[PDB]
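*Asks:* Protein chains in written order, with the numbering used here: chain S, 157 to 218; chain A, 3 to 45; chain Y, 8 to 57; chain D, 83 to 132; chain W, 4 to 52; chain F, 10 to 151. Quick reminder that beta carbons are idealized off the backbone N, C-alpha and C, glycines included.
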Amino acid sequence: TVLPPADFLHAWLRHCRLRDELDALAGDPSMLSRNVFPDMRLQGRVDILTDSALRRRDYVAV
Amino acid sequence: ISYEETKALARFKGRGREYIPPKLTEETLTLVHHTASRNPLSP
Amino acid sequence: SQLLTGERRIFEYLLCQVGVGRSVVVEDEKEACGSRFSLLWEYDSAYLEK
Amino acid sequence: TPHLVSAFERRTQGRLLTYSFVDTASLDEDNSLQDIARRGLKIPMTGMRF
Amino acid sequence: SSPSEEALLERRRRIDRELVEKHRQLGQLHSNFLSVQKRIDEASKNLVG
Amino acid sequence: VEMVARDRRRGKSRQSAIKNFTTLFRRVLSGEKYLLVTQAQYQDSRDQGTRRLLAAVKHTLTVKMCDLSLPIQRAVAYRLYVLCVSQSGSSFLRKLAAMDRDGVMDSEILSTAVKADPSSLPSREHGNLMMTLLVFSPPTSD
């Protein structure tokens, strides 16, 4: 809307190279940012045991 | 018959097993009539 | 506000064909405990009402 | 087991056969799922709810 | 309708589609983080209980 | 995909392939049971016989497996799914989904335990991470 038709053609040639230089300076890692998954889970065995309960656990076990 | 039978029994027409047909899709208001025939005697 | 995966699970169930019959109406579980009710040979299960 | 289906048929002759769902974690250490495939769900003298 | 103007539009579609997939990945990672956090809260109410 | 699997010309050529490789396998096995006894020094003549037997085993299984009906292949793929999803489960479920069909055909002592419930199962995309590592790994043997 501001440049005359002569200035805007030169500016358009400038702008196409500007897009392609932003193509180069962007990279394409992908991959590692795509194979990470929502895989989180809680596991554990916590028990409150009396010493005589530990006596009975060892009788069953070794 | 209608659309219901002529689509499912004519596009397939009893054929089957390897055919697979393709995809399915002043000058305000007066109640007087402004007469088309411009004879004043036409009504 | 939150997308819900809802932690889909490892539900392991046993579809037991439980054959109950001629049940006596009984209150909550604390009195239907085997060692304190002692059903007859006709009645064969205990309906926990409340 | 064919032994289990024969004993179940003899026990329930004039009763319903309701279909209950049993959670695998609600079972105690006695009724391990390895043990269920060999003898079935053993109900003790206290009794188990369905 | 230049080749650079509709190579611009191809790059609009590629990045915008990848934004849709990444926004769902933030949602699934956030849902899983407070999934395990709920397992912590239930473990606190159960072990202290 | 439905065109190719249901194409009759290729299907009955697969069946005629199965008939001809089975007769090839039977003849190589029958001819290898007995040697040839004449009056000459003879080499092994055995490494070519067993090479045609392995040729008539690999090629039979390529035809017979590629000629699988789609409902059958769907049931096999779902069986591998319940094998894959079982790994984040109980000890009995893990063994039973990987077949193992052997089993199935003063003293009030204070103890308690709190358990992490084994109902975790990470999201649906981890489900495909299961399957694409059973089918696209390098083969262990032949």
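May I have the straight-line CA-CA distance separating A/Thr8 from W/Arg20, to the nearest angstrom?
*Replies:* Position 6 of the second sequence holds residue 8 of chain A. Position 17 of the fifth sequence holds residue 20 of chain W. Taking the straight line joining both Cα atoms gives about 41 Å.
*Asks:* Would the region 100-120 of chain D and the region 98-118 of chain F be scored as touching if the rule is three or more Cβ pairs under 8 Å?
*Replies:* Output reads yes: the region 98-118 of chain F touches the region 100-120 of chain D.
*Asks:* Per DSSP, what are the beta-bridge partners of Y/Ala39 in this structure?
*Replies:* Residue 39 of chain Y sits at position 32 when you count from the first residue of the third sequence. None, per the DSSP bridge assignment.
*Asks:* Name the chain Y residues whose beta carbon is nearer than 7 Å to that of D/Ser102?
*Replies:* Residue mapping note: residue 102 of chain D aligns to position 20 of the fourth sequence, counting from 1. Under the 7 Å cutoff, chain Y gives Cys23 and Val25.
*Asks:* Which residue wins for smallest C-alpha separation from W/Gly30, given the options Y/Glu56, Y/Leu55 and Y/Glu14?
*Replies:* Against the fifth sequence, residue 30 of chain W aligns to sequence position 27. Cα-wise, what sits closest to W/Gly30 is Y/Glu14.
*Asks:* Taking just the CA atoms, how far does F/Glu134 sit from D/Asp110?
*Replies:* In the fourth sequence, the residue the question calls residue 110 of chain D occupies position 28. In the sixth sequence, the residue the question calls residue 134 of chain F occupies position 125. Rounded to whole angstroms, D/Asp110 to F/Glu134 spans 34 Å at the Cα level.
*Asks:* Jot down the residue ranges of each uninterrupted alpha helix (DSSP H) in the region 86-115 of chain F, minimum 4 residues, whole runs only, in chain order.
*Replies:* List check, alpha helix (DSSP H) in window: 100-106.
*Asks:* Comparing C-alpha positions only, which one of F/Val123, F/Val91 and F/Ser116 sits nearest to residue 7 of chain F?
*Replies:* Outside the shown range of chain F (10 to 151) lies residue 7 of chain F, about which nothing can therefore be said.
*Asks:* For F/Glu11, decide whether its Cβ has a neighbour in chain A, counting only Cβ atoms nearer than 9 Å.
*Replies:* Translated into positions along the sixth sequence, residue 11 of chain F becomes position 2. At least one chain A Cβ lies under 9 Å of F/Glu11.
*Asks:* In chain Y, which residues lie with their C-beta within 9 Å of the C-beta of D/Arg121?
*Replies:* Within the fourth sequence, the letter at position 39 stands for residue 121 of chain D. Neighbours of D/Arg121 on chain Y: none; closest Cβ ~14 Å, over 9 Å.
*Asks:* In the structure shown, what three-state DSSP assignment does S/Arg201 receive?
*Replies:* As a first step, residue 201 of chain S must be located in the first sequence, where it is residue number 45. Of the three classes helix, strand and coil, the one that applies to S/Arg201 here is strand, per DSSP.
*Asks:* Residues in the region 28-47 of chain W with C-beta within 8 Å of chain F's C-beta atoms, listed in sequence order?
*Replies:* Correct list: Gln31, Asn35, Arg42 and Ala46.
*Asks:* What separation, rounded to the nearest whole angstrom, lies between the Cα atoms of D/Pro126 and D/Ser114?
*Replies:* Taking the first residue of the fourth sequence as 1, we reach residue 126 of chain D at position 44. Taking the first residue of the fourth sequence as 1, we reach residue 114 of chain D at position 32. Their Cα atoms are separated by approximately 14 Å.
*Asks:* Please name the residue or residues paired with F/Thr121 in a DSSP beta bridge.
*Replies:* The sequence position of residue 121 of chain F within the sixth sequence is 112, counting from 1. Paired residues: S/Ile204.
*Asks:* If we cut at 9 Å on Cβ distances, does F/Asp76 have a partner in chain A?
*Replies:* By 1-based counting over the sixth sequence, the position of residue 76 of chain F is 67. Closer than 9 Å: no.
*Asks:* List the residues of chain D whose Cβ lies closer than 8 Å to the Cβ of Y/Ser42, in chain order.
*Replies:* Along the third sequence, read from residue 1 onward, the residue named residue 42 of chain Y stands at position 35. What Y/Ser42 touches in chain D: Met127 and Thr128.
*Asks:* Mind checking which residues open and close the alpha helix (DSSP H) that includes F/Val66?
*Replies:* Taking the sixth sequence and counting its residues from 1, one reaches residue 66 of chain F at position 57. Start and end: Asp56 to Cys75.
*Asks:* Taking the alpha-carbon of residue 124 of chain Y as reference, which of Y/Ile17, Y/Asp35, Y/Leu11 and Y/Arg29 has the nearest alpha-carbon?
*Replies:* The requested residue 124 of chain Y does not occur in the structure, where chain Y is confined to residues 8 to 57.
*Asks:* Expressed to the nearest angstrom, what Euclidean distance is found between the alpha-carbon atoms of F/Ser99 and Y/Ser45?
*Replies:* What you label residue 99 of chain F is simply residue 90 of the sixth sequence in a count that begins at 1. What you label residue 45 of chain Y is simply residue 38 of the third sequence in a count that begins at 1. Taking the straight line joining both Cα atoms gives about 36 Å.
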